[PDB]
Amino acid sequence: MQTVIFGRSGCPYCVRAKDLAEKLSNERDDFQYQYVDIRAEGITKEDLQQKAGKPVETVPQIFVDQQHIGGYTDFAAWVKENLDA
């Protein structure tokens with residue numbers, strides 16, 4: 001599916017979500033990922049806040065096609081109990 005990482009380049013934080021999503025992207029031939037940045041490209045915390053589900057002031061965040069998962073933690077966990085095959 002389409003996994004999207006919306007993080008803050010510069011910090012070794014999104015790196016985990018990208019690596020995970022990426023690795024998955026290769027472990028499973030049906031998985032693709034996208035690294036989108038909030039400043040580098042120009043996104044607004046408002047729009048994101050809206051599409052994520054009011055994550056107040058917490059980054060980075062991961063999205064899955066249409067649903068929002070949360071932070072790298074939720075992403076790793078989500079992955080574990082979803083792509084365990």
# chains A, B, ... in the order shown; residues from 1 in each chain; ligands from 1
$ residues_around --residues "region 32-47 of chain A" --least-positions-apart "3" --cutoff "12 Å" --atoms "only C-alpha atoms" --output "short mmCIF file (atom, residue, chain, number, x, y, z; two decimals) with N, CA and C atoms, in the first residue's frame"
data_model
loop_
_atom_site.label_atom_id
_atom_site.label_comp_id
_atom_site.auth_asym_id
_atom_site.auth_seq_id
_atom_site.Cartn_x
_atom_site.Cartn_y
_atom_site.Cartn_z
N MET A 1 0.87 -1.20 0.00
CA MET A 1 0.00 0.00 0.00
C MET A 1 0.90 1.25 0.00
N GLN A 2 0.33 2.41 0.27
CA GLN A 2 1.12 3.66 0.27
C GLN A 2 1.35 4.18 1.69
N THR A 3 2.54 3.96 2.15
CA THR A 3 2.90 4.43 3.51
C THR A 3 3.57 5.79 3.36
N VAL A 4 3.12 6.75 4.11
CA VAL A 4 3.72 8.11 3.98
C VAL A 4 4.33 8.54 5.32
N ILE A 5 5.52 9.07 5.23
CA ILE A 5 6.22 9.58 6.43
C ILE A 5 6.17 11.09 6.30
N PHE A 6 5.60 11.75 7.28
CA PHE A 6 5.53 13.23 7.28
C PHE A 6 6.38 13.62 8.48
N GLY A 7 7.65 13.83 8.24
CA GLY A 7 8.54 14.15 9.39
C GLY A 7 9.38 15.40 9.21
N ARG A 8 10.34 15.54 10.09
CA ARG A 8 11.24 16.73 10.06
C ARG A 8 12.67 16.33 9.66
N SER A 9 12.96 16.46 8.39
CA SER A 9 14.33 16.12 7.91
C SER A 9 15.33 16.90 8.75
N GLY A 10 16.46 16.31 9.03
CA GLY A 10 17.47 17.01 9.88
C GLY A 10 17.56 16.24 11.19
N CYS A 11 16.42 15.74 11.62
CA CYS A 11 16.40 14.95 12.88
C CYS A 11 16.45 13.46 12.51
N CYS A 14 12.49 10.65 11.78
CA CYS A 14 11.73 10.09 10.61
C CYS A 14 12.53 8.94 10.02
N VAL A 15 13.82 9.05 10.15
CA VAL A 15 14.73 8.00 9.63
C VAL A 15 14.17 6.61 9.96
N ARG A 16 13.70 6.44 11.17
CA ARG A 16 13.16 5.10 11.56
C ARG A 16 11.93 4.75 10.71
N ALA A 17 10.98 5.64 10.67
CA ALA A 17 9.75 5.36 9.87
C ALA A 17 10.11 5.13 8.39
N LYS A 18 10.96 5.97 7.87
CA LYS A 18 11.36 5.80 6.44
C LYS A 18 12.03 4.45 6.27
N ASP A 19 13.02 4.19 7.09
CA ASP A 19 13.73 2.88 7.01
C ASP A 19 12.72 1.74 7.10
N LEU A 20 11.92 1.76 8.12
CA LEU A 20 10.90 0.69 8.27
C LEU A 20 10.05 0.63 7.01
N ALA A 21 9.30 1.66 6.77
CA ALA A 21 8.43 1.68 5.56
C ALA A 21 9.21 1.21 4.33
N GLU A 22 10.38 1.74 4.17
CA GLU A 22 11.24 1.38 3.01
C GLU A 22 11.53 -0.11 2.98
N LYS A 23 12.03 -0.57 4.08
CA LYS A 23 12.39 -1.99 4.19
C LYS A 23 11.14 -2.78 3.84
N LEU A 24 10.05 -2.43 4.46
CA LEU A 24 8.79 -3.15 4.13
C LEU A 24 8.61 -3.07 2.61
N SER A 25 8.71 -1.88 2.09
CA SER A 25 8.59 -1.64 0.61
C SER A 25 9.37 -2.68 -0.22
N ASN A 26 10.37 -3.25 0.40
CA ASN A 26 11.22 -4.27 -0.29
C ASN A 26 10.93 -5.68 0.24
N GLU A 27 10.56 -5.78 1.49
CA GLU A 27 10.24 -7.12 2.08
C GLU A 27 8.93 -7.61 1.46
N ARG A 28 8.03 -6.69 1.23
CA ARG A 28 6.71 -7.05 0.63
C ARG A 28 6.55 -6.31 -0.71
N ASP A 29 6.45 -7.08 -1.76
CA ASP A 29 6.33 -6.52 -3.14
C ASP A 29 5.05 -5.71 -3.38
N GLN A 50 -5.23 18.66 10.78
CA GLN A 50 -6.56 18.27 10.25
C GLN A 50 -6.55 16.81 9.76
N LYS A 51 -5.69 16.53 8.82
CA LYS A 51 -5.63 15.15 8.24
C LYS A 51 -5.09 14.07 9.18
N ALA A 52 -4.42 14.46 10.21
CA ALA A 52 -3.84 13.46 11.15
C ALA A 52 -4.83 13.13 12.27
N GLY A 53 -5.52 14.12 12.74
CA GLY A 53 -6.50 13.88 13.84
C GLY A 53 -6.00 14.58 15.09
N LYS A 54 -5.82 15.88 14.94
CA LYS A 54 -5.31 16.75 16.05
C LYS A 54 -4.24 16.03 16.90
N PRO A 55 -3.03 15.94 16.35
CA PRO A 55 -1.83 15.50 17.10
C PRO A 55 -1.11 16.71 17.74
N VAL A 56 -1.91 17.66 18.11
CA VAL A 56 -1.43 18.91 18.77
C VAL A 56 -0.02 19.37 18.30
N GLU A 57 0.99 19.12 19.10
CA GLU A 57 2.37 19.55 18.74
C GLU A 57 3.32 18.35 18.76
N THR A 58 2.91 17.26 18.18
CA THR A 58 3.80 16.05 18.19
C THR A 58 4.22 15.55 16.79
N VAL A 59 5.51 15.45 16.58
CA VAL A 59 6.07 14.95 15.27
C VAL A 59 7.15 13.91 15.61
N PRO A 60 7.59 13.12 14.64
CA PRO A 60 7.02 13.04 13.26
C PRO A 60 5.76 12.18 13.24
N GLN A 61 5.06 12.18 12.12
CA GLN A 61 3.82 11.36 12.02
C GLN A 61 3.84 10.48 10.77
N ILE A 62 3.17 9.36 10.88
CA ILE A 62 3.11 8.40 9.73
C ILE A 62 1.67 8.19 9.29
N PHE A 63 1.50 8.09 8.00
CA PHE A 63 0.15 7.88 7.41
C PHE A 63 0.15 6.59 6.61
N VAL A 64 -1.00 6.00 6.49
CA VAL A 64 -1.17 4.75 5.71
C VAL A 64 -2.34 4.96 4.75
N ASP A 65 -2.00 5.24 3.51
CA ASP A 65 -3.03 5.49 2.46
C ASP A 65 -4.03 6.59 2.85
#
$ select_by_dssp --residues "region 3-76 of chain A" --states "alpha helix (DSSP H)" --output "JSON, numbers by chain"
{"A": [14, 15, 16, 17, 18, 19, 20, 21, 22, 23, 24, 25, 26, 27, 45, 46, 47, 48, 49, 50, 51, 52, 72, 73, 74, 75, 76]}
$ atom_distance --atom1 "CA of residue 76 (chain A)" --atom2 "CA of residue 13 (chain A)"
12.8 Å
$ atom_distance --atom1 "CA of residue 66 (chain A)" --atom2 "CA of residue 48 (chain A)"
12.7 Å
$ select_by_dssp --residues "chain A" --states "strand (DSSP E)" --output "compact mmCIF listing (two decimals) with N, CA and C atoms, in the first residue's frame"
# COMPACT_ATOMS: atom_id res chain seq x y z
N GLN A 2 0.33 2.41 0.27
CA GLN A 2 1.12 3.66 0.27
C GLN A 2 1.35 4.18 1.69
N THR A 3 2.54 3.96 2.15
CA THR A 3 2.90 4.43 3.51
C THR A 3 3.57 5.79 3.36
N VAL A 4 3.12 6.75 4.11
CA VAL A 4 3.72 8.11 3.98
C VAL A 4 4.33 8.54 5.32
N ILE A 5 5.52 9.07 5.23
CA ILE A 5 6.22 9.58 6.43
C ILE A 5 6.17 11.09 6.30
N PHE A 6 5.60 11.75 7.28
CA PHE A 6 5.53 13.23 7.28
C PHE A 6 6.38 13.62 8.48
N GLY A 7 7.65 13.83 8.24
CA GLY A 7 8.54 14.15 9.39
C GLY A 7 9.38 15.40 9.21
N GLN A 32 4.80 0.24 -0.80
CA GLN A 32 5.54 1.41 -1.36
C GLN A 32 5.54 2.49 -0.27
N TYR A 33 6.54 3.33 -0.22
CA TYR A 33 6.52 4.38 0.84
C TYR A 33 6.88 5.75 0.26
N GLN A 34 6.51 6.79 0.97
CA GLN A 34 6.81 8.17 0.50
C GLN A 34 7.37 9.01 1.64
N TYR A 35 8.41 9.75 1.37
CA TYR A 35 8.99 10.63 2.43
C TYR A 35 8.63 12.05 2.05
N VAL A 36 7.75 12.62 2.81
CA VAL A 36 7.32 14.01 2.52
C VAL A 36 7.74 14.85 3.73
N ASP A 37 8.19 16.03 3.47
CA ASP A 37 8.64 16.89 4.59
C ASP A 37 7.69 18.05 4.80
N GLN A 61 5.06 12.18 12.12
CA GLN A 61 3.82 11.36 12.02
C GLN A 61 3.84 10.48 10.77
N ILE A 62 3.17 9.36 10.88
CA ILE A 62 3.11 8.40 9.73
C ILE A 62 1.67 8.19 9.29
N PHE A 63 1.50 8.09 8.00
CA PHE A 63 0.15 7.88 7.41
C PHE A 63 0.15 6.59 6.61
N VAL A 64 -1.00 6.00 6.49
CA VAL A 64 -1.17 4.75 5.71
C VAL A 64 -2.34 4.96 4.75
N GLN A 67 -5.55 6.33 6.39
CA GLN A 67 -5.60 6.45 7.88
C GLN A 67 -4.28 7.01 8.45
N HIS A 68 -4.39 7.61 9.61
CA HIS A 68 -3.19 8.18 10.29
C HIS A 68 -2.82 7.17 11.37
N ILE A 69 -1.56 6.92 11.57
CA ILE A 69 -1.20 5.91 12.61
C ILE A 69 -0.70 6.59 13.88
N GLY A 70 0.10 7.59 13.71
CA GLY A 70 0.65 8.30 14.90
C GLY A 70 2.14 8.54 14.70
$ decode --residues "region 51-65 of chain A" --atoms "N, CA and C atoms" --output "PDB file, in the first residue's frame"
ATOM      1  N   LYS A  51      -5.693  16.528   8.823  1.00  0.00           N
ATOM      2  CA  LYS A  51      -5.630  15.146   8.240  1.00  0.00           C
ATOM      3  C   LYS A  51      -5.087  14.072   9.176  1.00  0.00           C
ATOM      4  N   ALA A  52      -4.417  14.464  10.210  1.00  0.00           N
ATOM      5  CA  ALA A  52      -3.845  13.456  11.146  1.00  0.00           C
ATOM      6  C   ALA A  52      -4.826  13.128  12.268  1.00  0.00           C
ATOM      7  N   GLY A  53      -5.523  14.122  12.737  1.00  0.00           N
ATOM      8  CA  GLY A  53      -6.498  13.876  13.841  1.00  0.00           C
ATOM      9  C   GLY A  53      -5.997  14.585  15.087  1.00  0.00           C
ATOM     10  N   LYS A  54      -5.822  15.883  14.941  1.00  0.00           N
ATOM     11  CA  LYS A  54      -5.313  16.754  16.054  1.00  0.00           C
ATOM     12  C   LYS A  54      -4.240  16.031  16.898  1.00  0.00           C
ATOM     13  N   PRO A  55      -3.034  15.939  16.345  1.00  0.00           N
ATOM     14  CA  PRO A  55      -1.831  15.503  17.103  1.00  0.00           C
ATOM     15  C   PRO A  55      -1.109  16.707  17.736  1.00  0.00           C
ATOM     16  N   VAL A  56      -1.911  17.659  18.113  1.00  0.00           N
ATOM     17  CA  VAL A  56      -1.428  18.915  18.771  1.00  0.00           C
ATOM     18  C   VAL A  56      -0.024  19.369  18.297  1.00  0.00           C
ATOM     19  N   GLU A  57       0.985  19.116  19.098  1.00  0.00           N
ATOM     20  CA  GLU A  57       2.372  19.549  18.737  1.00  0.00           C
ATOM     21  C   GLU A  57       3.325  18.349  18.765  1.00  0.00           C
ATOM     22  N   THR A  58       2.911  17.256  18.177  1.00  0.00           N
ATOM     23  CA  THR A  58       3.801  16.047  18.191  1.00  0.00           C
ATOM     24  C   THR A  58       4.219  15.550  16.789  1.00  0.00           C
ATOM     25  N   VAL A  59       5.515  15.452  16.581  1.00  0.00           N
ATOM     26  CA  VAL A  59       6.066  14.951  15.275  1.00  0.00           C
ATOM     27  C   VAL A  59       7.150  13.909  15.606  1.00  0.00           C
ATOM     28  N   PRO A  60       7.590  13.122  14.636  1.00  0.00           N
ATOM     29  CA  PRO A  60       7.023  13.040  13.259  1.00  0.00           C
ATOM     30  C   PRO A  60       5.760  12.176  13.240  1.00  0.00           C
ATOM     31  N   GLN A  61       5.063  12.181  12.123  1.00  0.00           N
ATOM     32  CA  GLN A  61       3.815  11.361  12.022  1.00  0.00           C
ATOM     33  C   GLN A  61       3.836  10.478  10.773  1.00  0.00           C
ATOM     34  N   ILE A  62       3.171   9.356  10.876  1.00  0.00           N
ATOM     35  CA  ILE A  62       3.110   8.399   9.728  1.00  0.00           C
ATOM     36  C   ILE A  62       1.665   8.191   9.289  1.00  0.00           C
ATOM     37  N   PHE A  63       1.496   8.095   8.002  1.00  0.00           N
ATOM     38  CA  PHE A  63       0.148   7.882   7.409  1.00  0.00           C
ATOM     39  C   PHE A  63       0.153   6.588   6.608  1.00  0.00           C
ATOM     40  N   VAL A  64      -1.003   6.004   6.486  1.00  0.00           N
ATOM     41  CA  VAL A  64      -1.168   4.746   5.712  1.00  0.00           C
ATOM     42  C   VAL A  64      -2.337   4.962   4.749  1.00  0.00           C
ATOM     43  N   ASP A  65      -2.004   5.244   3.512  1.00  0.00           N
ATOM     44  CA  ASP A  65      -3.034   5.487   2.460  1.00  0.00           C
ATOM     45  C   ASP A  65      -4.027   6.587   2.847  1.00  0.00           C
TER      46      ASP A  65
END
